[PDB]
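Colleague: What follows is a structure written as structure tokens; I'll ask about it next.
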Amino acid sequence: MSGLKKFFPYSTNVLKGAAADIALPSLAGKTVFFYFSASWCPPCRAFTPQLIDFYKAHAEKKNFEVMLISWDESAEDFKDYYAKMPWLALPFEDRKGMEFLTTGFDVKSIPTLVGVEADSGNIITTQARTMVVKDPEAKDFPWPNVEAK
Amino acid sequence: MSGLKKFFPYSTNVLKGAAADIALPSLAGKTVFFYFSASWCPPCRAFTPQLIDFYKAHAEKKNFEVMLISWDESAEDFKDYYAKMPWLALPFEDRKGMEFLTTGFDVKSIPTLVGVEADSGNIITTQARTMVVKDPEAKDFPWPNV
């Protein structure tokens with residue numbers, strides 16, 4: 001699963017609600033979305049509920065997962081914000097890992113939603129945020145290269 | 001180059017550094033690798049330098065060329081991103097062209113690297129992206145698998 005691991009030089013497991021036991025290899029075959037967000041961001045607050053709806057409707061059928069990559073500035077804020085989400089999270093303690101992803105994808109502002117292929121480790125798009133609201137039925141999911149629009 | 005010419009329905013000439021006047025007849029008899037990439041892509045950023053070493057070491061002897069087909073989101077990004085590459089590029093302004101090629105090669109994510117025989121327009125290899133790192137010397141070039 002070397003492809004997906006390329007995104008996590010400093011973590012082998014990610015959070016899942018109570019358990020911090022999800023092992024990366026368990027995402028094999030899925031599309032994985034990195035969600036760059038934070039509690040102090042007004043548009044994230046407005047966008048998150050929409051992503052949560054999308055996730056409840058298609059995560060299973062469309063076979064995808066989402067992972068919070070937090071820009072929160074404290075462990076406590078992180079803890080509370082992520083508590084309100086149903087998906088995965090890169091642990092707050094892996095700050096360098098957050099920074100590696102943030103620069104890697106050139107994430108200048110949030111919310112940003114980046115779509116990736118678990119198996120090959122390839123990138124689908126860094127602009128899935130707008131497609132989540134623009135295509136709620138997920139007809140064109142996972143939207144490769146929306147950057148062309 | 002009737003065949004190859006069909007891969008470019010909207011562009012007569014491609015880029016080559018500052019030179020925007022390279023014509024497709026150049027690519028005759030050789031293998032042409034269509035490299036689907038963008039500055040926003042980490043795996044691309046890690047593969048590009050490998051492909052650059054590979055290009056500079058075998059483009060002449062193994063007789064092939066590489067052409068960037070950009071998934072960048074802006075002309076400014078394209079400019080700085082392409083400046084660092086030695087090979088060719090479909091001009092950014094031809095968005096319709098990169099969409100044609102994307103659909104044609106069915107590119108669903110990047111990086112994607114596809115080798116095609118310039119003379120028949122047949123896809124020679126589908127695994128050059130993998131084999132470029134595993135066969136840095138070019139022993140099994142061009143890793144036919146179609």
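By convention here, the chains of the structure tokens are called A, B, ... in the order presented, each chain's residues are numbered starting at 1, and ligands are numbered starting at 1 in the order presented.
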Could you tell me, as a VMD selection string, which residues of chain A DSSP assigns to strand (DSSP E) when given the backbone?

Modeller: chain A and resid 13 to 16 19 to 23 31 to 37 64 to 70 88 to 89 112 to 117 123 to 125

Colleague: Got a sec to pull out which chain B residues are within 9 Å of chain A, counting only C-alpha atoms, and send them as a ChimeraX atom specification?

Modeller: /B:39-45,71-74,95,98-99,107-112

Colleague: Go ahead and save the residues from that selection, with C-alpha atoms, as an mmCIF file, in the first residue's frame.

Modeller:
data_model
loop_
_atom_site.group_PDB
_atom_site.id
_atom_site.type_symbol
_atom_site.label_atom_id
_atom_site.label_comp_id
_atom_site.auth_asym_id
_atom_site.auth_seq_id
_atom_site.Cartn_x
_atom_site.Cartn_y
_atom_site.Cartn_z
ATOM 1 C CA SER B 39 1.945 21.218 -9.852
ATOM 2 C CA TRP B 40 -0.627 20.390 -7.296
ATOM 3 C CA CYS B 41 0.228 16.666 -7.295
ATOM 4 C CA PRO B 42 2.684 15.145 -4.806
ATOM 5 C CA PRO B 43 3.209 11.783 -6.537
ATOM 6 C CA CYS B 44 3.924 13.795 -9.705
ATOM 7 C CA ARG B 45 6.383 15.933 -7.906
ATOM 8 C CA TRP B 71 -3.953 19.370 -15.352
ATOM 9 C CA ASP B 72 -2.810 22.725 -13.824
ATOM 10 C CA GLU B 73 -5.497 25.174 -12.785
ATOM 11 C CA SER B 74 -4.025 28.284 -14.278
ATOM 12 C CA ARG B 95 -7.746 23.180 -22.607
ATOM 13 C CA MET B 98 -6.022 18.287 -22.859
ATOM 14 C CA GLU B 99 -9.595 17.249 -22.278
ATOM 15 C CA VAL B 107 -6.995 9.421 -17.439
ATOM 16 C CA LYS B 108 -8.834 9.252 -14.070
ATOM 17 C CA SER B 109 -5.988 10.496 -11.845
ATOM 18 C CA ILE B 110 -2.375 11.635 -12.007
ATOM 19 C CA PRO B 111 0.378 11.061 -12.596
ATOM 20 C CA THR B 112 -0.344 9.004 -15.668
#

Colleague: Between CA of residue 16 in chain B and CA of residue 127 in chain A, what distance in Å does the model show, to one decimal?

Modeller: 29.2 Å

Colleague: Can you tell me which residues surround residue 26 in chain A at a distance of at most 12 Å, considering only C-alpha atoms, apart from same-chain residues fewer than 4 positions away, and format the answer as an NGL selection string?

Modeller: :A and (1 or 4-5 or 12-14 or 21-22 or 30-32 or 64-65 or 88 or 118-119)

Colleague: Dump C-alpha atoms for the selected residues as an mmCIF file, in the first residue's frame?

Modeller:
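Once everything was written out, this is selection-v5.cif:
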data_model
loop_
_atom_site.group_PDB
_atom_site.id
_atom_site.type_symbol
_atom_site.label_atom_id
_atom_site.label_comp_id
_atom_site.auth_asym_id
_atom_site.auth_seq_id
_atom_site.Cartn_x
_atom_site.Cartn_y
_atom_site.Cartn_z
ATOM 1 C CA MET A 1 0.000 0.000 0.000
ATOM 2 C CA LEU A 4 -1.305 5.789 0.306
ATOM 3 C CA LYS A 5 1.597 5.651 2.763
ATOM 4 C CA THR A 12 0.770 4.340 10.413
ATOM 5 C CA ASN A 13 -2.690 4.630 12.010
ATOM 6 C CA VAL A 14 -5.381 7.262 11.942
ATOM 7 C CA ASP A 21 -6.600 2.148 15.615
ATOM 8 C CA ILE A 22 -7.479 2.369 11.953
ATOM 9 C CA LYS A 30 -11.297 3.070 -1.678
ATOM 10 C CA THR A 31 -11.199 6.639 -2.831
ATOM 11 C CA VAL A 32 -9.902 8.749 0.095
ATOM 12 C CA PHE A 64 -14.907 6.287 -0.264
ATOM 13 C CA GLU A 65 -13.688 7.605 3.074
ATOM 14 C CA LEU A 88 -11.491 9.490 10.020
ATOM 15 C CA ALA A 118 -5.738 4.587 -2.086
ATOM 16 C CA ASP A 119 -4.246 1.797 -4.133
#

Colleague: Could you pull out the alpha helix (DSSP H) residues of chain A from DSSP and send them as an NGL selection string?

Modeller: :A and (2-5 or 42-58 or 75-83 or 95-104 or 128-134)

Colleague: I'd like the neighbourhood of range 33-37 of chain A as a list in words, where a residue qualifies if any of its atoms comes within 8 Å (using only C-alpha atoms), though same-chain residues fewer than 3 positions away should be ignored.

Modeller: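 Surrounding residues, per the criterion: residues 41, 44, 64, 65, 66, 67, 68, 69, 70, 71, 72, 110, 111, 112, 113, 114, 115 and 116 of chain A.
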
Colleague: I'd like the interatomic distance between CA of residue 141 in chain A and CA of residue 62 in chain A, to a tenth of an Å.

Modeller: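 Separating CA of residue 141 in chain A from CA of residue 62 in chain A is a distance of 8.0 Å.
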